[PDB]
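To start, the structure under review is shown below, and the notes come after it.
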Amino acid sequence: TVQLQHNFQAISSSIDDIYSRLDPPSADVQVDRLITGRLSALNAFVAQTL
Amino acid sequence: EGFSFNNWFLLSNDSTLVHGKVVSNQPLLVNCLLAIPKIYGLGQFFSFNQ
Amino acid sequence: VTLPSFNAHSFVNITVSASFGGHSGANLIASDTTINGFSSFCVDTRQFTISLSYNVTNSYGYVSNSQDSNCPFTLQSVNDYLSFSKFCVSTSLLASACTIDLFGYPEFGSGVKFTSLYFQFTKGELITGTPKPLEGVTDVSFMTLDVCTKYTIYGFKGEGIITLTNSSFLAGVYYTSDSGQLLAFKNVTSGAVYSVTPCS
Amino acid sequence: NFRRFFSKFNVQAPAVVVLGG
Amino acid sequence: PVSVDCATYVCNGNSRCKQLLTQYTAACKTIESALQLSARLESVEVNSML
Amino acid sequence: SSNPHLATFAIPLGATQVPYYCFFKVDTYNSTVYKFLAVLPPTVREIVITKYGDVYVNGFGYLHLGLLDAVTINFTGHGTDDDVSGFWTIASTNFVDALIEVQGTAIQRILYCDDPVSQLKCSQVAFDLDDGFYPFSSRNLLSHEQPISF
Amino acid sequence: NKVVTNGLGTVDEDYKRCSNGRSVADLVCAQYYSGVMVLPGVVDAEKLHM
Ligand SMILES: *[C@@H]1O[C@H](CO)[C@@H](O[C@@H]2O[C@H](CO)[C@@H](O[C@@H]3O[C@H](CO[C@H]4O[C@H](CO)[C@@H](O)[C@H](O)[C@@H]4O)[C@@H](O)[C@H](O[C@H]4O[C@H](CO)[C@@H](O)[C@H](O)[C@@H]4O)[C@@H]3O)[C@H](O)[C@H]2NC(C)=O)[C@H](O)[C@H]1NC(C)=O
Ligand SMILES: *[C@@H]1O[C@H](CO)[C@@H](O[C@@H]2O[C@H](CO)[C@@H](O[C@@H]3O[C@H](CO)[C@@H](O)[C@H](O)[C@@H]3O)[C@H](O)[C@H]2NC(C)=O)[C@H](O)[C@H]1NC(C)=O
Ligand SMILES: *[C@@H]1O[C@H](CO)[C@@H](O)[C@H](O)[C@H]1NC(C)=O
Ligand SMILES: *[C@@H]1O[C@H](CO)[C@@H](O)[C@H](O)[C@H]1NC(C)=O
Ligand SMILES: *[C@@H]1O[C@H](CO)[C@@H](O)[C@H](O)[C@H]1NC(C)=O
Ligand SMILES: *[C@@H]1O[C@H](CO)[C@@H](O)[C@H](O)[C@H]1NC(C)=O
Ligand SMILES: *[C@@H]1O[C@H](CO)[C@@H](O)[C@H](O)[C@H]1NC(C)=O
Ligand SMILES: *[C@@H]1O[C@H](CO)[C@@H](O)[C@H](O)[C@H]1NC(C)=O
């Protein structure tokens, strides 16, 4: 849970701000990093659990 | 020890944690405590560096 | 929802006047801009709306104006209930001020930029980049409790359902989750706290 | 006497205080 | 046994984010599948010898 | 009132009944405006300020502006106002790292970190700690006083 | 009793009260709103005693 607050290289730890503040294309760009961070942490958690 | 923090505010910079424990730098070192109950007939110039 | 405060708006304009193109559309003539008629400005009113104005003409024809953004925001976004504890615009270099540039492309495409705009600002609910001078005496905030709704709770955008929670947290205003999610925010105007639930 | 009871608290001379509770 | 909608974890129901999630394909699906497969395995075995 | 510059803050009301708009007048030669400090909250409990301009209100940094030097008071608490003063205690404060236990956004207990046992505790997250082997840093020079080598 | 810091294993609250949302979200609600759901233990301690 605590992983997701880390603003993973993005402008913010939440997404709609990214959508609102900049044009969708760039907002997509930034959110990609958050997306990757979240899933990656999931992966590590998953492997640990397994 | 024994102080109950009748009104003491933890210094949350944006949003306050409701419950838990946090290690942080807060001004808990006490200098020249003044506790005057319901009296201030004073024209005072509190100055730092002193 | 932001801090209770006097209904105060100041229209931000920043007029940019330029002439490009020359002969065969590949030349330039002039370019300048001001923040509401001045080279710099700072918002004091709680509300403020940018109204970008353009006296930009290609001597050969039309000018395509493209926006640069070295800023956490866009001109179309700042008015969208963006919140600051301060916000200042300079036409010249300003320390720790994000950059927004404009590029004027004439019909034959000189490709030049407009003046760099520098925005030194700090987040807060003191002044709000507004789309329109907000209404409401002593408070411009509005909410729909028990309603799945958009919100900007002291800058906390999002979607959720607002339910009065009878809690009486003396300290703090809006408390976030352990996972950095705003769980309850106090009206503070009434000193009452509302829990927020994601709609889905 | 209860004076030792109040002595238990770390304290210094100009500490004009009120114990409560 | 633990479960999580990694789609929600990353997107939190944001459809605009949901499309972006989709392009990373089964990452989320595989994660959840591993979780549930494992968990149901333990469920059935522990119910077995019990 | 909410306008010093359009109206007088000559208050026509007493004992609140209205969250009193707090405005903060700049008093320099080329700036003499009242910045809206804050709508008066229903009840303030504790206020803390810092050298570097931290106007901190009820767990919130309302201003936390550039460094303050003279925090001067003229609270007219004279005459019978000597029994009207809100000043009940004030304590000068130095920042210190400490672990805070809080519940219901209410302070419960504290633990400083200067002591090595306490240093380990605040280095950890729990006031109590278990008997075991714990990482620790060799004590550096307590006085920073780092010479420059170039 | 000495080990279960929660007192009981039953403390895994039904997420329905989480969906209530009238009061402030708890840790269970924090993770649920994040998309996490802890499943009940496959068997209770009473069955283990049995
Ligand atoms: C809300 O968020 C704001 C964001 O800025 C916080 O503001 C900062 O808070 C920190 C917390 O204390 C301040 O840190 C202190 O800075 C003081 C001034 O900085 C000088 O000194 C330090 C350390 O010497 C240098 O690194 C720096 O370059 C400056 O030269 C210092 O006096 C403090 O240091 C103390 O301890 C050190 C040892 O660690 C001693 O050597 C010092 O002599 C001193 O005793 C401390 O570093 C920081 O200054 C604040 N920002 C600004 C711009 O001042 C708010 O605190 C935060 N919380 C609220 C508002 O409640
Ligand atoms: C938080 O709680 C406060 C406390 O009620 C709410 O403030 C209330 O705000 C409304 C409108 O903003 C006020 O209504 C008033 O009604 C009269 C009569 O119709 C009208 O003349 C006024 O112009 C105003 O519309 C109401 O008096 C006021 N209550 C107070 C000050 O005690 C507030 O709306 C709640 N939410 C927020 C986000 O502040
Ligand atoms: C009030 O301010 C004046 C200067 O503005 C100062 O001389 C005086 O000491 C202060 N206090 C009182 C009680 O007058
Ligand atoms: C700060 O304090 C030192 C020593 O007390 C003194 O020499 C110096 O003049 C002071 N400066 C200011 C600005 O108060
Ligand atoms: C800015 O635009 C607003 C309307 O959007 C107008 O009322 C105001 O006069 C303009 N100010 C300047 C300086 O252009
Ligand atoms: C045209 O440009 C001049 C200076 O370049 C400026 O004063 C004027 O406001 C501009 N007109 C418009 C409509 O922006
Ligand atoms: C708060 O408690 C009061 C008194 O029991 C009750 O009437 C009210 O419904 C409660 N509200 C919430 C959100 O718990
Ligand atoms: C205020 O600052 C401006 C900026 O330089 C200066 O021109 C002006 O003279 C100042 N006001 C005074 C000194 O009264």
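Every number here is computed from the coordinates shown, using simple stated rules; none is lab data. Note: ideal-geometry Cβ built from the backbone for every residue, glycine included; neighbour counts use all protein chains shown.
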Plugging the Cβ-Cβ distance of D:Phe9 and G:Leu48 into 1/(1 + (r/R0)^6) at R0 = 41 Å yields, to the nearest 0.05, a FRET efficiency of 0.20
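Can you pull the Rg over Rh of the protein assembly as shown, Cα-only, Kirkwood?
1.01
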Say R0 is 56 Å: what FRET efficiency, to the nearest 0.05, do F:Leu13 and G:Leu8 get from their beta-carbon distance?
-> 0.50
From the P(r) of the stretch C:139-200, can you give the percent of Cα pairs sitting at distances over 17 Å?
-> 32 percent
Using the Kirkwood formula over every pair of different C-alpha atoms, what hydrodynamic radius in Å results for chain A?
-> 11.3 Å
Wrap a convex hull around the Cα atoms of chain C, take a quarter of its surface area, and give that in square nanometres.
-> 13.4 nm²
For chain F, just give the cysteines left without a disulfide-compatible partner, judged by no other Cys Cβ under 4.7 Å.
-> F:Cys22
From the Cα centre of the stretch C:80-156 to that of the stretch B:7-50, the distance in Å is 34 Å
Quick one: Cα centre-to-centre distance for the stretch F:60-88 and the stretch A:18-50, in angstrom?
-> 48 Å
Determine Rg/Rh for the stretch C:33-99; Rg is computed over alpha-carbon atoms and Rh is the Kirkwood hydrodynamic estimate from the same atoms.
-> 0.98
Expressed as a whole number, the average count of other chain Cβ atoms within 10 Å around the Cβ atoms of E:11-18 is 6
Using alpha carbon centers only, the stretch E:27-50 is separated from the stretch E:1-18 by a whole-angstrom value of 20 Å
Residues other than F:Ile100 with Cβ under 10 Å of its Cβ, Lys/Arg counted +1 and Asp/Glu -1, net out at +1
Order of B:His19, G:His49 from fewest to most other C-beta atoms within 10 Å?
-> G:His49, B:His19
Which order do peptides A:40-47, F:75-82 fall in by mean Cβ count within 10 Å, highest first?
-> A:40-47, F:75-82
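Tell me, what are the semi-axes, in whole angstrom and largest first, of the equivalent ellipsoid of chain B as set by the roots of 5 times the Cα gyration tensor eigenvalues? Let's see the in-between values first.
Numbers: eigenvalues 149, 47, 31 Å².
Working through the eigenvalues yields semi-axes of 27, 15, 12 Å.
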Using 7 Å Cα-to-Cβ label points, what is the E:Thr30/F:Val84 separation (nm, one decimal)?
-> 7.4 nm
Over chain F, what is the relative contact order in whole percent, taking alpha-carbon pairs under 8 Å and six or more residues apart?
-> 8 percent
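Nearest 0.05, what FRET efficiency do F:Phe24 and F:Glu101 give at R0 = 41 Å with Cβ-Cβ as r?
Efficiency, from the Cβ-Cβ distance: 0.70.
Size of the dipole of chain G about the Cα centre, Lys and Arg at +1 and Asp and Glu at -1 on the beta carbon, nothing else charged, in debye to 20?
Around 80 debye, computed over chain G.
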Shielding by partners, peptide A:14-25 (average Cβ within 10 angstrom, other chains) | 6
Evaluate the charge dipole of the protein assembly as shown about its Cα centre and quote only its size in Debye, nearest 20, assuming +1 on the Cβ of each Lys and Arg and -1 on the Cβ of each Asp and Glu.
-> 420 debye
Note down the net charge around C:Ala8, summing +1 for each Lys or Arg and -1 for each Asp or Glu among other residues with Cβ under 14 Å from its Cβ.
-> -1
Most exposed to least, judged by fewest other Cβ atoms within 10 Å, A:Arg21, A:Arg38 sort to A:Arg38, A:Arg21
Counting other beta carbons within 10 Å of each Cβ, put E:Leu50, A:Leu22, C:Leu3 in order, fewest first.
-> E:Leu50, A:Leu22, C:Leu3
In deg cm²/dmol and to the nearest 500, what is the mean residue ellipticity at 222 nm of chain C if only DSSP H runs of at least 4 residues count, each as -39500 (n - 2.57), divided by the residue total?
-> -500 deg cm²/dmol
Computed over the stretch C:92-200, the Cα gyration tensor eigenvalues, each multiplied by 5 and square-rooted, give semi-axes in Å (largest first) of 39, 16, 15
Shielding of C:71-78 by partners, i.e. mean partner chain Cβ atoms within 10 Å per residue?
-> 4
